[PDB]
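Colleague: One structure is given below, represented as structure tokens, and several questions about it will come after.
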Amino acid sequence: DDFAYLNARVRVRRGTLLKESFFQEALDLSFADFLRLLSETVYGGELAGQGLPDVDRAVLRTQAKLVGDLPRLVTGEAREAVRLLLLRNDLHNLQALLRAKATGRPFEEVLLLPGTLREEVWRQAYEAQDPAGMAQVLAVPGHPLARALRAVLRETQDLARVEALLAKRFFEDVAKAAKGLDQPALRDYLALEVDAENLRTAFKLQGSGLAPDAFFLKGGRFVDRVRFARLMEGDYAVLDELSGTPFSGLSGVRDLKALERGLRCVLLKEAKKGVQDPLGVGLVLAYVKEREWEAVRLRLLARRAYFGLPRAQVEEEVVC
Amino acid sequence: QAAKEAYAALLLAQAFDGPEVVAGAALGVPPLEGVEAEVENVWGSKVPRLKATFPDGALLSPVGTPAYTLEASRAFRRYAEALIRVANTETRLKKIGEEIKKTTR
Amino acid sequence: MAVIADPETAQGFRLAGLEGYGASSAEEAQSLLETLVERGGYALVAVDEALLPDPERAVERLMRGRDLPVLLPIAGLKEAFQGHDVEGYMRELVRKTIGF
């Protein structure tokens, strides 16, 4: 098993993470100067073309070899712990894959990177012609996200529903396993991920007339059914009573964009102070949030530069 | 500008979240008369008009990108609505063409 | 529908609720434009101001009249653009109404 070698491999990698002062420089640059800067970094090391499709691809391929190769390098008890983190990036691939089989559209225009399910699992799944067979091919790597899929697929074959019940059931699955793999660092974070999900499920489905109890799943810290119901009526006075959590910063805010920005920045923060717990999954935890967030800012800074958008429209979203 | 706001900021975070966004949202406008065509007889010959209002949803796609997904879905409205103005003036342009030409004639 | 625009901005009009078939393939998007309106099996056809056909006669002679509109101005990009107010006003005054 064991994170002893694996943590060590990641510590060398934390050396080539992009510090805050790069994005600071990049805003001052035009697209031509941005491109010269980008090539110094490790995302730059996969670059294959000046234009936009190529920037999206260099970023993605950097994430595929430095982050998406982690579950293979461990096994067992190590592997389950690392796997839960990786699983969110796999769910994104799965939801798109499930949707290409079902609505008959090509394999293309989806997210592919390795994680827990390999590239070949997604190709064999795609080519499967019965949803049940599609499901056994997915169940081969082993993970809680299969077991979550399997139960939802028994109730339904409707696209929109499978998507929602899979996500709900999946975070519930994740939580139980994670609580049983211990460590304070992971527990604090898990709580925030669920709390953030809860808020966020409420925002995405806002005003659809639905049940507010459906947007609250266990794992919480301070949020409950009533806050959800008020929130659903359109009242944001609930967020103004929400303190003692690091979402203290959501108070007095009522725009969906500022609210959701806020949750992603909070989750970033928890993970960045998990490096005072680098033992076990703590360090990897911090490493994945930072590679993800970094990749996102280079894509936003590249878009902002190419189309000559307003600076303040993106300067605020590239810092927490 | 507030349509495009999100669009252009969801291109390199899309091309694999394209799938997700189109799913939660209300499916495509019909290609055969998705718009509402109105007929109207008026001087300057019988010119037909129309208003671009159709369903497309807003702030209701589940899963995906936290901010951008929902903000892109909402943006569809700012196509629709905006397009009605040009929907009436470019058809008015063809009417006032007839008049002007017959007048000078 | 179809919106006929720049490749990257064409992208955002292919999303559900809307139906686009854009992209540039020419400087006035003739390659696409012509073929597409020829059928008139789209509820609306729209051509932006980042292309816009300098010979409008070309289109009319091919579609052969249409009871649905064509070439609705959309900006076609974002860079804080709002010159499409005064531009469209003069577009009107040059070909019809009073002079200057």
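Chains: A, B, ... in order of the structure tokens. Residues: from 1 per chain. Ligands: from 1, in order shown.
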For residue 98 in chain C, find every residue with an atom within 12 Å (counting only C-alpha atoms), except residues of its own chain fewer than 2 positions away, and show them as a list in words.

Modeller: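 The contact residues come out as residues 96, 100 and 104 of chain B; 89, 90, 91, 92, 93, 94, 95, 96 and 100 of chain C.
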
Colleague: Restrict the selected residues to N, CA and C atoms and save them as a PDB file, in the first residue's frame.

Modeller:
ATOM      1  N   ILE B  96     -41.033  49.951 -45.369  1.00  0.00           N
ATOM      2  CA  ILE B  96     -40.663  51.326 -45.677  1.00  0.00           C
ATOM      3  C   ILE B  96     -39.767  51.377 -46.942  1.00  0.00           C
ATOM      4  N   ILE B 100     -41.045  54.403 -49.884  1.00  0.00           N
ATOM      5  CA  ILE B 100     -39.990  55.263 -50.338  1.00  0.00           C
ATOM      6  C   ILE B 100     -39.803  55.227 -51.892  1.00  0.00           C
ATOM      7  N   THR B 104     -40.968  58.333 -54.626  1.00  0.00           N
ATOM      8  CA  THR B 104     -40.021  58.941 -55.568  1.00  0.00           C
ATOM      9  C   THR B 104     -40.389  58.601 -57.006  1.00  0.00           C
TER      10      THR B 104
ATOM     11  N   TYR C  89     -28.035  52.794 -37.283  1.00  0.00           N
ATOM     12  CA  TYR C  89     -28.784  54.014 -37.609  1.00  0.00           C
ATOM     13  C   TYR C  89     -28.405  54.605 -38.955  1.00  0.00           C
ATOM     14  N   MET C  90     -27.058  54.695 -39.218  1.00  0.00           N
ATOM     15  CA  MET C  90     -26.576  55.135 -40.492  1.00  0.00           C
ATOM     16  C   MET C  90     -26.764  54.131 -41.610  1.00  0.00           C
ATOM     17  N   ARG C  91     -26.885  52.797 -41.292  1.00  0.00           N
ATOM     18  CA  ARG C  91     -27.066  51.800 -42.247  1.00  0.00           C
ATOM     19  C   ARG C  91     -28.367  52.006 -42.867  1.00  0.00           C
ATOM     20  N   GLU C  92     -29.254  52.605 -42.066  1.00  0.00           N
ATOM     21  CA  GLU C  92     -30.639  52.840 -42.453  1.00  0.00           C
ATOM     22  C   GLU C  92     -30.766  54.030 -43.315  1.00  0.00           C
ATOM     23  N   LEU C  93     -30.226  55.168 -42.907  1.00  0.00           N
ATOM     24  CA  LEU C  93     -30.230  56.428 -43.604  1.00  0.00           C
ATOM     25  C   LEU C  93     -29.539  56.419 -44.904  1.00  0.00           C
ATOM     26  N   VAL C  94     -28.489  55.504 -45.199  1.00  0.00           N
ATOM     27  CA  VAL C  94     -27.866  55.490 -46.453  1.00  0.00           C
ATOM     28  C   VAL C  94     -28.565  54.922 -47.600  1.00  0.00           C
ATOM     29  N   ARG C  95     -29.331  53.845 -47.356  1.00  0.00           N
ATOM     30  CA  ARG C  95     -30.043  53.139 -48.404  1.00  0.00           C
ATOM     31  C   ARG C  95     -31.504  53.581 -48.522  1.00  0.00           C
ATOM     32  N   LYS C  96     -32.121  54.198 -47.498  1.00  0.00           N
ATOM     33  CA  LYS C  96     -33.499  54.560 -47.556  1.00  0.00           C
ATOM     34  C   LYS C  96     -33.577  55.914 -46.815  1.00  0.00           C
ATOM     35  N   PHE C 100     -28.399  62.989 -45.518  1.00  0.00           N
ATOM     36  CA  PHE C 100     -27.722  63.584 -44.395  1.00  0.00           C
ATOM     37  C   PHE C 100     -27.700  65.068 -44.820  1.00  0.00           C
TER      38      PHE C 100
END

Colleague: Per residue of chain A within 6 Å of chain B, note the shortest atom pair and the distance in Å to one decimal, counting only C-alpha atoms, and order the rows by chain and increasing residue number, as CSV.

Modeller:
residue,atom,partner,partner_atom,distance
A:56,CA,B:12,CA,5.2
A:109,CA,B:16,CA,5.4
A:110,CA,B:16,CA,4.2
A:111,CA,B:16,CA,4.6
A:204,CA,B:60,CA,5.5
A:205,CA,B:60,CA,5.1
A:257,CA,B:67,CA,5.3
A:260,CA,B:66,CA,5.9

Colleague: Next, write the just-selected residues to a file, as a tab-separated table (two decimals), in the first residue's frame, keeping N, CA, C and O atoms as the atom set.

Modeller:
chain	number	residue	atom	x	y	z
A	56	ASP	N	-6.44	24.61	-24.16
A	56	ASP	CA	-7.36	23.67	-23.42
A	56	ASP	C	-6.75	22.26	-23.37
A	56	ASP	O	-6.75	21.61	-22.33
A	109	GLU	N	-16.33	15.13	-28.05
A	109	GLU	CA	-16.74	16.24	-27.29
A	109	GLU	C	-17.10	15.83	-25.92
A	109	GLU	O	-18.18	16.17	-25.42
A	110	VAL	N	-16.17	15.11	-25.24
A	110	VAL	CA	-16.31	14.71	-23.84
A	110	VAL	C	-14.96	14.90	-23.22
A	110	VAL	O	-13.95	15.09	-23.89
A	111	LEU	N	-15.04	14.83	-21.91
A	111	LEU	CA	-13.87	14.85	-21.10
A	111	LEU	C	-13.34	13.36	-20.98
A	111	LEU	O	-14.03	12.37	-20.69
A	204	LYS	N	-28.61	25.80	-7.93
A	204	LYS	CA	-28.72	25.44	-9.31
A	204	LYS	C	-30.23	25.23	-9.66
A	204	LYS	O	-30.69	25.68	-10.72
A	205	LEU	N	-31.01	24.62	-8.70
A	205	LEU	CA	-32.36	24.24	-8.80
A	205	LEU	C	-33.20	25.31	-8.20
A	205	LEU	O	-34.25	24.92	-7.75
A	257	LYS	N	-23.35	34.30	-8.98
A	257	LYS	CA	-22.00	34.28	-9.27
A	257	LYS	C	-21.03	34.51	-8.08
A	257	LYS	O	-20.11	33.73	-7.96
A	260	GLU	N	-21.34	31.35	-5.47
A	260	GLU	CA	-20.70	30.20	-5.93
A	260	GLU	C	-19.19	30.39	-5.98
A	260	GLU	O	-18.53	29.40	-5.69

Colleague: Leaving out residue 242 in chain A and any residue of its chain fewer than 6 positions from it, which residues lie within 10 Å of it when counting only C-alpha atoms, given as a count of residues only?

Modeller: 7

Colleague: In terms of the shortest atom-to-atom distance over only C-alpha atoms, which of C:71, C:36, C:3, C:43 is closest to residue 20 in chain C?

Modeller: C:3

Colleague: Closest to chain C among B:53, B:45, B:91, B:103, using only C-alpha atoms?

Modeller: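 Answer, going by the shortest atom-to-atom distance: B:91.
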
Colleague: Using only C-alpha atoms, determine which residues lie at most 8 Å from residue 27 in chain B, disregarding the query and same-chain residues fewer than 2 positions distant; provide the list as a list in words.

Modeller: residues 22, 23, 25, 29 and 56 of chain B; 16 and 17 of chain C

Colleague: Would you mind exporting the chosen residues as a compact mmCIF listing (two decimals), in the first residue's frame, restricted to N, CA and C atoms?

Modeller:
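Just written: again_8.txt:
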# COMPACT_ATOMS: atom_id res chain seq x y z
N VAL B 22 -25.96 21.52 -22.01
CA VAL B 22 -27.04 21.32 -22.98
C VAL B 22 -28.06 20.36 -22.40
N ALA B 23 -27.66 19.31 -21.59
CA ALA B 23 -28.47 18.42 -20.88
C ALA B 23 -29.47 19.06 -19.92
N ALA B 25 -30.46 22.14 -19.36
CA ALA B 25 -31.23 23.17 -20.01
C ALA B 25 -32.34 22.56 -20.83
N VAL B 29 -34.82 24.86 -29.68
CA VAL B 29 -35.99 25.57 -30.34
C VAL B 29 -36.34 24.83 -31.64
N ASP B 56 -36.19 28.18 -23.25
CA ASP B 56 -34.77 27.97 -23.34
C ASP B 56 -34.26 27.82 -21.92
N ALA C 16 -28.33 24.25 -26.11
CA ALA C 16 -29.71 23.98 -26.02
C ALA C 16 -30.47 25.19 -25.59
N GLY C 17 -31.75 25.27 -26.14
CA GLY C 17 -32.70 26.39 -26.02
C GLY C 17 -32.60 27.24 -27.25

Colleague: Considering only C-alpha atoms, give me a table of residues in chain C that are at most 10 Å from chain B, with the closest atom pair and distance in Å for each, as a tab-separated table.

Modeller:
residue	atom	partner	partner_atom	distance
C:1	CA	B:31	CA	5.3
C:2	CA	B:31	CA	8.6
C:8	CA	B:11	CA	7.6
C:9	CA	B:8	CA	7.0
C:10	CA	B:7	CA	9.9
C:11	CA	B:11	CA	7.8
C:12	CA	B:7	CA	5.5
C:13	CA	B:76	CA	8.3
C:14	CA	B:22	CA	8.9
C:15	CA	B:22	CA	5.7
C:16	CA	B:28	CA	4.7
C:17	CA	B:56	CA	3.7
C:18	CA	B:28	CA	5.4
C:19	CA	B:28	CA	5.8
C:20	CA	B:28	CA	9.5
C:40	CA	B:32	CA	8.8
C:41	CA	B:32	CA	6.2
C:42	CA	B:31	CA	4.4
C:43	CA	B:33	CA	4.6
C:44	CA	B:35	CA	7.3
C:46	CA	B:83	CA	9.9
C:66	CA	B:48	CA	9.8
C:67	CA	B:48	CA	6.3
C:68	CA	B:48	CA	7.7
C:69	CA	B:91	CA	6.9
C:70	CA	B:90	CA	8.5
C:71	CA	B:90	CA	8.8
C:72	CA	B:86	CA	6.3
C:73	CA	B:86	CA	7.3
C:74	CA	B:83	CA	8.4
C:75	CA	B:1	CA	9.1
C:76	CA	B:4	CA	9.5
C:77	CA	B:4	CA	7.9
C:78	CA	B:1	CA	6.5
C:79	CA	B:1	CA	8.7
C:80	CA	B:1	CA	7.0
C:81	CA	B:1	CA	7.7
C:82	CA	B:1	CA	8.6
C:92	CA	B:93	CA	8.2
C:95	CA	B:97	CA	9.1
C:96	CA	B:97	CA	6.8
C:97	CA	B:100	CA	7.0
C:98	CA	B:100	CA	9.6

Colleague: Deliver the residues from the most recent selection as a file, using C-alpha atoms, as an mmCIF file, in the first residue's frame.

Modeller:
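again-v1.cif, written as the output of this step:
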data_model
loop_
_atom_site.group_PDB
_atom_site.id
_atom_site.type_symbol
_atom_site.label_atom_id
_atom_site.label_comp_id
_atom_site.auth_asym_id
_atom_site.auth_seq_id
_atom_site.Cartn_x
_atom_site.Cartn_y
_atom_site.Cartn_z
ATOM 1 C CA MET C 1 -32.441 28.206 -36.178
ATOM 2 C CA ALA C 2 -28.894 29.035 -37.107
ATOM 3 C CA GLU C 8 -15.515 30.767 -31.018
ATOM 4 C CA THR C 9 -18.727 32.917 -30.566
ATOM 5 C CA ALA C 10 -20.652 30.504 -32.911
ATOM 6 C CA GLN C 11 -19.803 27.923 -30.188
ATOM 7 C CA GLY C 12 -21.969 29.590 -27.588
ATOM 8 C CA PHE C 13 -25.084 29.666 -29.813
ATOM 9 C CA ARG C 14 -25.100 25.901 -30.362
ATOM 10 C CA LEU C 15 -26.234 25.378 -26.856
ATOM 11 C CA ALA C 16 -29.709 23.975 -26.019
ATOM 12 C CA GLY C 17 -32.698 26.388 -26.016
ATOM 13 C CA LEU C 18 -31.123 27.976 -29.079
ATOM 14 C CA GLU C 19 -29.977 26.177 -32.224
ATOM 15 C CA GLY C 20 -26.996 27.510 -34.078
ATOM 16 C CA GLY C 40 -35.077 27.581 -45.333
ATOM 17 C CA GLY C 41 -35.601 24.674 -43.035
ATOM 18 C CA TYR C 42 -34.496 26.792 -40.023
ATOM 19 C CA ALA C 43 -36.902 28.987 -38.156
ATOM 20 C CA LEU C 44 -34.586 31.972 -38.265
ATOM 21 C CA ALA C 46 -29.055 35.414 -38.679
ATOM 22 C CA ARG C 66 -38.430 34.723 -47.812
ATOM 23 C CA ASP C 67 -41.288 35.461 -45.375
ATOM 24 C CA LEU C 68 -38.816 34.916 -42.486
ATOM 25 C CA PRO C 69 -36.038 37.408 -41.902
ATOM 26 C CA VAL C 70 -32.301 37.114 -42.640
ATOM 27 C CA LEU C 71 -29.041 38.939 -41.581
ATOM 28 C CA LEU C 72 -30.229 40.221 -38.131
ATOM 29 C CA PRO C 73 -27.375 42.156 -36.653
ATOM 30 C CA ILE C 74 -25.666 40.545 -33.744
ATOM 31 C CA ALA C 75 -22.193 42.033 -32.786
ATOM 32 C CA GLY C 76 -20.359 38.817 -33.304
ATOM 33 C CA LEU C 77 -17.718 39.387 -30.627
ATOM 34 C CA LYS C 78 -17.304 41.196 -27.195
ATOM 35 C CA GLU C 79 -14.595 43.812 -26.566
ATOM 36 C CA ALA C 80 -17.104 46.230 -24.937
ATOM 37 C CA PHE C 81 -18.652 46.869 -28.335
ATOM 38 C CA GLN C 82 -21.627 49.094 -28.635
ATOM 39 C CA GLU C 92 -30.639 52.840 -42.453
ATOM 40 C CA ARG C 95 -30.043 53.139 -48.404
ATOM 41 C CA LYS C 96 -33.499 54.560 -47.556
ATOM 42 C CA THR C 97 -35.241 57.567 -45.788
ATOM 43 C CA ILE C 98 -33.660 61.001 -45.873
#

Colleague: What is the CA of residue 230 in chain A-CA of residue 259 in chain A distance in Å, reported with one decimal?

Modeller: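 Value for the CA of residue 230 in chain A-CA of residue 259 in chain A distance: 15.9 Å.
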
Colleague: Neighbours of residue 26 in chain C within 12 Å (only C-alpha atoms; same-chain residues fewer than 4 positions away dropped), as a list in words?

Modeller: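 Within the cut-off, the hits are residues 4, 5, 6, 7, 22, 30, 31, 32, 33, 34, 50, 51, 52 and 53 of chain C.
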
Colleague: Would you please extract all alpha helix (DSSP H) residues from range 9-90 of chain C, as assigned by DSSP on the backbone, and give them as JSON, numbers by chain?

Modeller: {"C": [9, 10, 30, 31, 32, 33, 34, 35, 36, 37, 38, 39, 56, 57, 58, 59, 60, 61, 62, 63, 86, 87, 88, 89, 90]}

Colleague: Counting only C-alpha atoms, what are the residues of chain A within 7 Å of chain C, and for each of them which pair of atoms is the nearest and at what distance in Å, to one decimal? Sort the table by chain and rising number, as a tab-separated table.

Modeller:
residue	atom	partner	partner_atom	distance
A:307	CA	C:79	CA	6.8
A:308	CA	C:79	CA	5.7
A:309	CA	C:79	CA	5.4

Colleague: Identify, on the basis of only C-alpha atoms, every residue whose closest approach to residue 23 in chain A does not exceed 8 Å; exclude the query and any residue fewer than 2 positions from it along the same chain; express the result as a list in words.

Modeller: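 Returned residues: residues 19, 20, 21, 25, 26, 27, 297, 298, 301 and 318 of chain A.
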
Colleague: Put those residues in a file: C-alpha atoms, as an mmCIF file, in the first residue's frame.

Modeller:
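Output file again_17.cif follows:
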data_model
loop_
_atom_site.group_PDB
_atom_site.id
_atom_site.type_symbol
_atom_site.label_atom_id
_atom_site.label_comp_id
_atom_site.auth_asym_id
_atom_site.auth_seq_id
_atom_site.Cartn_x
_atom_site.Cartn_y
_atom_site.Cartn_z
ATOM 1 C CA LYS A 19 2.577 30.487 -7.359
ATOM 2 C CA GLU A 20 0.316 33.453 -7.076
ATOM 3 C CA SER A 21 2.850 35.904 -8.637
ATOM 4 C CA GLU A 25 2.209 38.822 -14.132
ATOM 5 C CA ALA A 26 -0.072 37.229 -16.673
ATOM 6 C CA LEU A 27 -2.867 39.827 -16.297
ATOM 7 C CA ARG A 297 -6.822 30.336 -13.989
ATOM 8 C CA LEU A 298 -4.468 29.794 -17.008
ATOM 9 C CA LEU A 301 -6.310 34.272 -18.387
ATOM 10 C CA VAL A 318 -8.288 34.510 -10.599
#

Colleague: Do you know which residues are at most 8 Å from residue 45 in chain A counting only C-alpha atoms, after dropping those on the same chain fewer than 5 positions away, and could you put them as a ChimeraX atom specification?

Modeller: /A:39-40,58,62
